[PDB]
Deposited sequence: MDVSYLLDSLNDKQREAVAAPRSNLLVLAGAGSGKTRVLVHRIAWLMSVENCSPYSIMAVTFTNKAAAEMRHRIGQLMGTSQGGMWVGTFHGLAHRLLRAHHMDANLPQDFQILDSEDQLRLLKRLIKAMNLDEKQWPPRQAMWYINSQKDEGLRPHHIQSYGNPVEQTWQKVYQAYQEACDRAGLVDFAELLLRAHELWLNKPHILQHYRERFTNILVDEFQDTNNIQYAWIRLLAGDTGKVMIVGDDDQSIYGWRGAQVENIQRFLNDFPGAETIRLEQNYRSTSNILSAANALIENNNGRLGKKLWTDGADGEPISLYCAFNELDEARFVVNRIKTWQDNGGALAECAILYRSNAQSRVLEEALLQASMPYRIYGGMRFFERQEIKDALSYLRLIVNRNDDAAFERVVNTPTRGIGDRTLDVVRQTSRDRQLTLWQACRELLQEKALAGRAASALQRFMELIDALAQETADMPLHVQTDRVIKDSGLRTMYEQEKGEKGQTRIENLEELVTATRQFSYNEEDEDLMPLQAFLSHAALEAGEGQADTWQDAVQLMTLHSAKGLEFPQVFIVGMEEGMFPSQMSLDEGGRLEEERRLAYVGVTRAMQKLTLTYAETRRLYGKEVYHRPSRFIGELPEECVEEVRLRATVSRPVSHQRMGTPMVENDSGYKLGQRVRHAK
């Protein structure tokens, strides 16, 4: 309300952005200059000065992390009276639109989302089916190919070419398998929803009417299908605010090209730019490091932020003996921080790839220090969880090929490979769902003796649980199914436990969760406990922390080897470095190991070039500081 409390903190350029006329505006600026602060306040202003309805406001961005930040800051300022405005990820909002419109979207109301592992598998089987050798046409290669097409909003038909006309064939097969199965992968969510507004002008006209105010954070993350989606939703009616930093462009590998920025200026009516120039997040030391670091990339522009702040502590650089010594030294410095009254949560440990988290996790455990690893939607990746959730999915729909496959013979119940190759082929040949094929092959006797009887048993079971829990609440249904499938019995007696604990926790998760049950759960997914924050440098973008530790600062790790090999992704790695550095508020610490063990082999990586690119006066090497003098 009190417009005065909206403008008090803001500086010149921020004010101009927040208190501007309703127009298409781009706020371009480096890290920690208040772009997100601006976007959030701009929402408050659209509401009290321009008296705009909360319903006409869509705040969207790419990662869950960044969306949560927006969502969070929007609460602190407007005490969650926001009820009405849409604040989420592109995928999230796309999902939302496709659910409530599955009809014009040619999607069965209870469509299932196909994640990576599930997509990877459906592709394997689909290729092995099409009678194609795994090594000549690798599954992953097909996934990348397919997702890439959708990232560009290209359907199979849209595409005279070489040995990709075949890939173009696998793509088409895949679509068919998914549609028939009622599955939708991530890339699909965005593409479908876009098509939605292209073939249902009345639905589009509806939204253009509702969402007159569109705001996008971390804009340089948006790829082509996402850009189009927004340009479309805006038309000539919508007024949009995009904020970003081309220096933090780190999703090239998924279609997000820097150009989408200048593109916005060319495409949206009367588009204009506002440039923030003052950093408020970090000490002068960190910021000078950042600027120097980014300054190594070519082209760019040269905006350079500045700060009143004092130099502050230096950037710590510790050369660990190996990956264990690395984790240990980090956990050590966090303790000191804690012992002097610092919150664990005010500390983040950042790495280039998730693989690096295991060693850190063990050191943290080994020191009884609480922590959170944001593998964002990874708990449901764990074998046991994917299995449990698969029975449920079948219960929801038998056509969930992905689900049918994962447990038809898990736990083992006769139904072996042979029996299945028959069923699979049936689906391939008669264009049916794995369950649809079984339906027939049974009422056709075609199956063997103990064979058609093992399959019969199963199908009786799946349908059996779909009755017993057709009343029970998701929290108890997820309990019964787990025991009545033998998943419990089968896991317990495995030797190698912690695995079964997760199943029980899944029960609790479903238990304390906000038709509904359907997706509602698997989708949306206890923070009061102070804990150390662990996440990839990519996920950290948009976030900030008082104490920041970036591990694995070595050539081959960061910059990753891939980037090093196909020598072209290096300015992007340096931009990711920039992200990492600009995340630190008070203290930044970078560590690297003289030796670590990868693919069972000791390697001695050279120190990352990024460490050297930092100004010597901001970096201070960590030097460590007798034991009793030296019977039988």
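J.: Counting from 1 along the deposited sequence, give me every gap where there's no C-alpha, start to finish.
T.: Absent from the structure are positions 160 to 162, 500 to 502, 521 to 527, 539 to 547, 648 to 649, 655 to 656, 659 to 680.
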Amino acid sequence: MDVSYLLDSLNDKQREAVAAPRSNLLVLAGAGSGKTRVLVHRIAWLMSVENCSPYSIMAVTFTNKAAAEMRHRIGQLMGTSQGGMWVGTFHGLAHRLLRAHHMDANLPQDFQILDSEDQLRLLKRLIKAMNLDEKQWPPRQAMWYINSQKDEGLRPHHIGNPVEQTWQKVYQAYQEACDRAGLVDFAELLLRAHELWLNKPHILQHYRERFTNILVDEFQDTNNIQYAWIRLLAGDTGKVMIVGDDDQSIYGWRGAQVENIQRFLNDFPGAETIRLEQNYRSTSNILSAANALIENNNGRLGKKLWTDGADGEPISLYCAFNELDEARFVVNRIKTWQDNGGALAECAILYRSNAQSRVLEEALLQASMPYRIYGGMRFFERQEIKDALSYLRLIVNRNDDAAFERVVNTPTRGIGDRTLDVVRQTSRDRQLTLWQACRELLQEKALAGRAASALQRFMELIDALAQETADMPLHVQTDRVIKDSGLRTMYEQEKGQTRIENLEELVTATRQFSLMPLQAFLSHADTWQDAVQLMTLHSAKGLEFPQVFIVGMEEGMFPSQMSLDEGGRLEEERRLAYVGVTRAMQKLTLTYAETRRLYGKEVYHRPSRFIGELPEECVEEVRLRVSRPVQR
From here on, numbers count along this sequence of modelled residues.
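J.: Quick check: 69 to 77 versus 99 to 107, which has the larger average CA B-factor in the record?
T.: Between 69 to 77 and 99 to 107, it is 99 to 107 that shows the higher mean C-alpha B-factor.
J.: Between 263 to 271 and 198 to 206, which has the larger average Cα B-factor in the PDB entry?
T.: Higher of the two, by average CA B-factor, is 198 to 206.
J.: Tell me, please, which of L93, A193, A464, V551 has the highest C-alpha B factor according to the deposited entry?
T.: Result of the comparison over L93, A193, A464, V551: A464.
J.: Sorting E361, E277, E295, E468 by Cα temperature factor from the record, which one lands on top?
T.: Reading the PDB entry, the winner on C-alpha B-factor is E468.
J.: Going by the CA temperature factor in the PDB record, which third of the chain does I250 belong to: lowest, middle or highest?
T.: As the PDB entry reports it, the C-alpha B-factor of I250 lands in the lowest third of its chain.
J.: Per the entry's values, where does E566 land by CA temperature factor relative to the rest of its chain, in the lowest, middle or highest third?
T.: Highest third - that is where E566 ends up once the chain's C-alpha B-factors are sorted.
J.: Going by the entry, which third of its chain does the Cα temperature factor of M241 land in?
T.: For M241, whose C-alpha B-factor we compare with every modelled residue in the chain, the answer is the lowest third.
J.: Where does the C-alpha B-factor of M557 rank in its chain, lowest, middle or highest third?
T.: Lowest third.
J.: Taking the C-alpha B-factors as the PDB entry records them, is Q493 in the lowest, middle or highest third of its chain?
T.: It belongs to the highest third of the chain when residues are ordered by C-alpha B-factor.
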